[PDB]
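Structure record follows, encoded as structure tokens.
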Amino acid sequence: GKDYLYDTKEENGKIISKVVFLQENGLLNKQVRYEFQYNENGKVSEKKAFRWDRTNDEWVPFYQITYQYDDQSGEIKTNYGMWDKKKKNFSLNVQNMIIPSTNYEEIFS
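Its first residue numbered 261, the sequence shown is counted upward by one per residue in the working numbering.
Following this line, the structure appears as structure tokens:
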């Protein structure tokens with residue numbers, strides 16, 4: 261079965277990072293690391309996700325989402341890109357999607 265151990269760092273009131281460990285059949289492995297940055301209004305502006313590379317034991321960038329907010333829309337506009345290991349940017353498989361504002365807290369995984 262799957263259980264999860266979460267390690268969350270907060271600076272004052274804001275989550276800055278979260279690591280998810282997968283617990284499965286008595287094993288414990290790093291699964292994903294999230295890092296968060298915030299706009300001037302204190303809302304999340306950027307989420308970066310890292311994979312755990314077991315060949316080298318290091319966090320490697322995986323994807324990046326940026327978030328834009330609108331007064332009247334009730335909607336958050338998100339722009340996602342995957343890490344391109346040659347270009348060293350998030351230019352692969354770029355896609356846009358809308359999150360309802362009511363699901364804001366789910367950004368923190």
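Where a beta carbon is used, it is the ideal one built from N, C-alpha and C, also for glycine.
CB-CB length for residue i against residue j, believed under 8 Å
{"i": "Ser361", "j": "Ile325", "result": "Going by Cβ atoms, the distance from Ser361 to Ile325 rounds to 16 Å, so no, they are not a contact pair."}
Limits of the beta strand (DSSP E) - the one that residue i falls within
{"i": "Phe322", "result": "318 to 329"}
{"i": "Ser333", "result": "Here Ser333 belongs to no beta strand (DSSP E), and DSSP marks it neither H nor E."}
{"i": "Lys290", "result": "287 to 298"}
{"i": "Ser351", "result": "349 to 360"}
Beta-ladder partner(s) of residue i, from DSSP
{"i": "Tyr266", "result": "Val280"}
{"i": "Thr315", "result": "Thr315 is not bridged to any residue."}
{"i": "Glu271", "result": "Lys274"}
{"i": "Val304", "result": "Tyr298"}
Cβ pair residue i, residue j closer than 8 Å
{"i": "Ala309", "j": "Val292", "result": "yes"}
{"i": "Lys307", "j": "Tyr294", "result": "yes"}
{"i": "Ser333", "j": "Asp344", "result": "no"}
{"i": "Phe368", "j": "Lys278", "result": "yes"}
Residue from the options whose Cα sits closest to the Cα of residue i
{"i": "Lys262", "options": "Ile275, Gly341, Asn285, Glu300", "result": "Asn285"}
{"i": "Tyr266", "options": "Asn272, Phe296, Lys290", "result": "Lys290"}
{"i": "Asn349", "options": "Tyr323, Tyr329, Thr338, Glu366", "result": "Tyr323"}
{"i": "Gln355", "options": "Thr338, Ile275, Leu287, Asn316", "result": "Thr338"}
{"i": "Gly273", "options": "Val280, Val279, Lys303", "result": "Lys303"}
{"i": "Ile358", "options": "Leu282, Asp330, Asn301", "result": "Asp330"}
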